[PDB]
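Since the structure comes first, as structure tokens, the remarks are kept for the end.
We're numbering straight along the sequence, starting at 1.
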Amino acid sequence: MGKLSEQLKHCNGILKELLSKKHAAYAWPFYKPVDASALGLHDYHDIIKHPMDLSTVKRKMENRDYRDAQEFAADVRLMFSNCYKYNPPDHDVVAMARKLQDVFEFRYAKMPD
Ligand SMILES: Cc1cc(-c2nc3ccccc3n2CC2CCOCC2)cn(C)c1=O
């Protein structure tokens, strides 16, 4: 219930942007947990030990799980890293990850301090 810190307000803003229609053309693979069984990716959980996605990040922010911006950023980067680990580098989903990570990194760099 307590107010997010100033840095976590900035993080929440970024999160809102990543989930916004503005970026939907490349963000949509990251909206929800990878459903490995549904997608036929029966090796996914053998390869990715720590799944992460934007819905999970949103829930953690709402629940005040993140104690600082660094913790938030680690989860967003984990999400991208998982994509880069599992998928061949020339896959369309990787191109989408790179584009969304560019959005993330450039706005994260504008953190107040
Ligand atoms: C391996 C993998 C799959 C998906 C994924 N989530 C989907 C949801 C609904 C429908 C399809 C979904 N996919 C696979 C798509 C295959 C084509 O490129 C976009 C993702 C997302 N990410 C980040 C991955 O690393």
Problem set entry | Exam field: side chain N12 to backbone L4, donor-acceptor pair closer than 3.5 Å | no

For this session: First locate atom CZ of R64, then atom OG of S5, and finally report the distance between them rounded to the nearest 0.5 Å.
Result: 9.0 Å

Problem set entry | Side-chain heavy atoms of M79 within contact of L54, under 4.5 Å | yes

Problem set entry | Side chain proximity check, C11 to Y108, heavy atoms < 4.5 angstrom | yes

For this session: Please indicate whether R98 has more than 12 foreign heavy atoms, meaning atoms of other residues, nucleotides or ligands, lying under 6.0 Å from its CZ.
Result: no

Exercise. Linking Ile, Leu, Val, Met, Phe, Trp and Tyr by side-chain heavy atoms under 4.5 Å, what else ends up with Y86?
Worked result: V34, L39, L41, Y44, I47, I48

Exercise. Tell me, do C83 and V93 make a side-chain contact under 4.5 Å, heavy atoms counted?
Worked result: yes

Exercise. Roughly how far apart are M1 CE and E62 CD, rounded to 0.5 Å?
Worked result: 14.0 Å

Seminar exercise, completed: For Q7 and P112, the nearest pair of non-hydrogen atoms, with its separation, is NE2-O, 3.0 Å

Let me check something: any side-chain donor-acceptor pairs from residues 71-78 under 3.5 Å, sequence neighbours excluded? List them with distances.
from	atom 1	to	atom 2	distance (Å)
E71	OE1	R67	N	3.0
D75	OD2	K60	NZ	2.7
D75	OD2	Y66	OH	2.6
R77	NE	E105	OE2	3.0
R77	NH2	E105	OE1	2.9

Exercise. What's the shortest heavy-atom distance between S37 and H42, and which atoms?
Worked result: O-CE1, 3.9 Å

Problem set entry | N87: partners by side chain to side chain donor-acceptor pair (under 3.5 Å), with sequence neighbours left out | none

For this session: For the residue pair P33 and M52, establish whether any side-chain heavy-atom pair is separated by less than 4.5 Å.
Result: no

Seminar exercise, completed: For residues 34-43, the salt bridge (charged side-chain N to carboxylate O under 4.0 Å, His left out) pairs (sequence neighbours left out) are none

Extract all donor-acceptor atom pairs below 3.5 Å that involve side chains of residues 16-29 and protein atoms in other chains or at least two apart in sequence.
from	atom 1	to	atom 2	distance (Å)
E17	OE1	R107	NH1	2.8
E17	OE2	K22	NZ	2.9
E17	OE2	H23	NE2	2.8
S20	OG	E17	O	2.7
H23	ND1	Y26	OH	2.7

Seminar exercise, completed: One should read off an interatomic distance between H50 NE2 and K85 NZ, to the nearest 0.5 angstrom, of 9.0 Å

Seminar exercise, completed: Sorted by chain and residue number, the side chain to side chain contact (heavy atoms under 4.5 Å, CB included) partners of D102 (sequence neighbours excluded) come out as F106

Exercise. To the nearest 0.5 Å, what is the distance between OH (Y31) and CG (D53)?
Worked result: 12.0 Å

Problem set entry | Close side-chain approach of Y84 to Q101, heavy-atom, < 4.5 Å | yes

Exercise. Roughly how far apart are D113 CG and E6 CD, rounded to 0.5 Å?
Worked result: 9.5 Å

Exercise. Do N63 side-chain atoms and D65 backbone N/O form a donor-acceptor pair below 3.5 Å?
Worked result: no

